[PDB]
Structures are given as structure tokens and as C-alpha cells.
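A lone chain, given as C-alpha cells: the form deposited in one PDB entry.
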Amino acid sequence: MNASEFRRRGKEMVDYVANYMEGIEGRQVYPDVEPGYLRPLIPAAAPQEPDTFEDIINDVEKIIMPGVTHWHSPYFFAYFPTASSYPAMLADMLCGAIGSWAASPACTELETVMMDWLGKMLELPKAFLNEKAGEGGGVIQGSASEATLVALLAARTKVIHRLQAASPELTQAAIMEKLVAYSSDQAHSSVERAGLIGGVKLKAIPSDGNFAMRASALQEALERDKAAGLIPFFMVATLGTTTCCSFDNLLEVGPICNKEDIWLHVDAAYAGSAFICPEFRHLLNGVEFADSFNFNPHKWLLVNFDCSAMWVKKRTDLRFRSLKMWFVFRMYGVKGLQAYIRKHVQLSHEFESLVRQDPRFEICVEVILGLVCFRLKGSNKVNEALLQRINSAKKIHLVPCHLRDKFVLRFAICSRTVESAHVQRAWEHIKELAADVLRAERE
């Protein structure tokens, strides 16, 4: 098609897309249609002459939509990794119209500036800023896995140089066999992968009663290891774990890392975004000690998933993406974005209220942000039974996890469209299915 066909069909498409997102409340969260349904609804060969736009869209409603998930609804109470905000979509259109530094000076420079915005919003130390400070800095990464790996390699290179300076005798290989890294029991898969790929031993630290790393468990691990002739060099402290919103106590853990020459990497998961709100900055106290800090802004800052933001204390140790950051930051403002997290935290606590009022259910971890870790009091069996009925019903979606050896229902309020109405109706449904599940238990 030409340009002015596009102005029309494009505007038409903005309309279709808007509608979708407005009435998404109605759609069923899971497709209620089976593998195999599609082949016979569509011609066996491609059309020779062009079909109408009119006819294609109808086909998307009638043929494609039923077979689609609809992760963008308020009733999908799990993190939806590939969601996108409206400003992200606007950018995404322009980002595709355009299509190294030399190739695109705007792409690169905007990266450097947007990281600064992000840095200031979170109120990270000044040292972390790319504002020409000549020290520290920040860069975008594809995955939080990449970041964890970069910090690790950097930490590894660093300890090797230090240890070989002390004793010129030792071999690089000799040192590597002895290197240990640490993370909390609730550390993300992306840490295991980092150490696997980086060629060092990874050990979990026992977390406390609230699933946080508390030093005493850290110090012990260090004593056990230093004396078996191993060498701690690197550690990930998690802020906002993926199992529950658990925060590793940075104030206890950092001072140890400094003393023991351990490199402190802070994996702020998705939670990091919350530090643009003052109520949460105390969870970040201790960042002073950390050598690197990583988080994914996507979940709470509405930016693109493609982006994992990461800073370092010293720059020397170490897709058109900043455009979407720019749009989203500019179209919500800090206060808008704050308003946003703040709304979800409140809906999360509204849900929590509901769970405390039903004596059949217990809450497992302190609710800090959007996620609520809750379960039915009893055996794991009972609860596995329940999550099955919730999914079977295809009305809402929840994902579980284990905590120690306990099966836990995660209720996650992340979606853009969520209101308390939805939480209200969601609770009740869960409530009704528990009733049904509970009868069964007695048989």
C-alpha cells in the first residue's frame, strides 16, 4: 500500500487496538479453543489478489482472538513479561518507521541520558551517574541474566589481579577452582546461569524468617568457606525476590562484602522501580556498598521488556530502546509513574485485607508491593488442588511457587487496567472454589 492508504488503515488500527484494551475486561484470559481449530478456518493457499483490510480485521476478531491468550487483562494476576504501555506502543510505531554509534548517534546518546533520568528517579549514589562524572555509569542490557554475568566476570577478573599481585606464583587456573560466589536461597535462576557460564562455584545462603539474607547466615558461610581453602569473590544480594517480595538486608550484607573484598552486586529485580517512591527507598539503604546494581524497569515503569538497566561504581571495571524509555517517562512523568506503583500497592494491600479476614487462608510473607503470597491453611496437596480449579475454570490466572517446602499461591497485581472491582470479583471466585475444594478434602 501507499502512504495515504496507511493513514487510513493505521488510524483504523489504532481504533481496533484501543477497543481491544478497553473491553479486555470481557475477554476470557485463556483461550477456550483447541490446538487444530485454525487450519480449517483459513484457505489452504494464499490469496492471489489482495484481500480487503475490512475482511482481515473481522478475521482477527472471529478467528485469531479466541485462539489468543489475552495476557493484558486485569484478571491475569501474574507478571506478563511482554506487556507494553500505550506510550511504549506509540514509540514502537515510530521506532519501526525509522528502522553502532556511527549508524545512530541519537540511539546511543539517548541511552546515556535516559539511564541518568532513571538513576536520579531512584536516587542511586551520584557515583553511578553517567553525567560525565568520570566515575561509575549505567548501560542498558537485554536481560538481567546478561547483567549478572557482566558484574560476575568483572568481579572475577578483579580478584584474580589482586590475588596474583599478592602472590605472583599462583596460576589463573589455580585461583578459579577456588572461587566462590553467593546468593540468597531465593536468588533468581539467572545467578546459577551466571556462575555456570563464568566457571565458578555458586553457593546459596540460608535466608531468614522473611526470606532475607541476614549476615549471620552470610558470615557463617564465609567462615565455612575461607577455611576449606575456597575464596569468596562475588555476591548477589537480591532486592525484591521473584518468589515473594523479599528484600535482602543490604545494611548488614554490604559492610561484610567491603571487609572481605567480596564484590557486591545488587539484583533489584523488578522491585527496583519502586524506589522512585519514597516509602520504599529504605529497602535500598546500603546501596553505598554495592559495586553494581541491576533492575528491570519494565514491570512498574511501563517501559519495554527488552531493557534491563544496570549501573556500576567504577566504569573501568567494566534495538532502539532508549526511545521507549523516553516516551514512557515523558508521557507519565515521575509523579504519574509514582501514582502508578502507588495504586497497585494499595490494591495489593486491599487483597491482603481480604485474605486476613478469611481464617481459612494465611499470608506467608510480608506484603510490600504488588505481589501477595498467600495460601489455604493445610497441606500443600490442598493448595495444589486449589490452583488447579482456578486455572481449570479459565476465569483468572495465578502462578504458584514453593517457599521452603511450602506450596504458595502468588496473587500478583501488575496489569495496567486492574481496579479493585476486579480484585473483589477475583477474591470471591477464589473463595467459591476453595469452598468446593474444601468439601473434597474431607472425602
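For clarity, a rigid core is taken as the largest C-alpha set superposing within 1.5 Å between two forms. Note that residue numbering begins at 1 and tracks the sequence as displayed.
Missing coordinates between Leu318 and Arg319 amount to 10 or more residues of the deposited sequence. Going from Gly99 to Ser100, you skip over 4 to 9 residues of the deposited sequence that the entry leaves unmodelled. Legend: mean Cα B-factor per stretch from the PDB entry, 203 to 211 versus 151 to 159; the higher mean is in 203 to 211.
The question of which stretch, 8 to 16 or 429 to 437, has the higher mean Cα B factor is settled in favour of 429 to 437.
By the numbers in the PDB entry, the CA B factor is greatest at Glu135 among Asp248, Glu350, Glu135, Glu362. Per the PDB entry, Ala166 shows the highest C-alpha temperature factor of the residues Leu323, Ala78, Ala166, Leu122. Among all modelled residues in its chain, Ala46 ranks in the lowest third by Cα B-factor.
When all modelled residues of the chain are sorted by CA temperature factor, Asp306 is found within the highest third. The entry lists a Cα temperature factor for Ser216 that places it in the highest third of the chain's modelled residues. Per the deposited record, the Cα B-factor of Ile262 falls in the lowest third when ranked against the other modelled residues of its chain. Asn296: CA B factor lies in the lowest third for its chain, per the PDB record.
Omitted from view is the form deposited in another entry, to which the following refers.
Residue shifts between this form and the one not shown, rigid core superposed: of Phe361, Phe289, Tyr340, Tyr79, the only C-alpha displaced by 2 Å or more belongs to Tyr79.
The Cα position of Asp92 differs by 2 Å or more between this form and the one not shown after fitting on the rigid core. Core-superposed comparison between this form and the one not shown: the CA of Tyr30 exceeds or equals a 2 Å shift. Positional change of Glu384 between this form and the one not shown stays under 2 Å at the C-alpha, relative to the superposed core.
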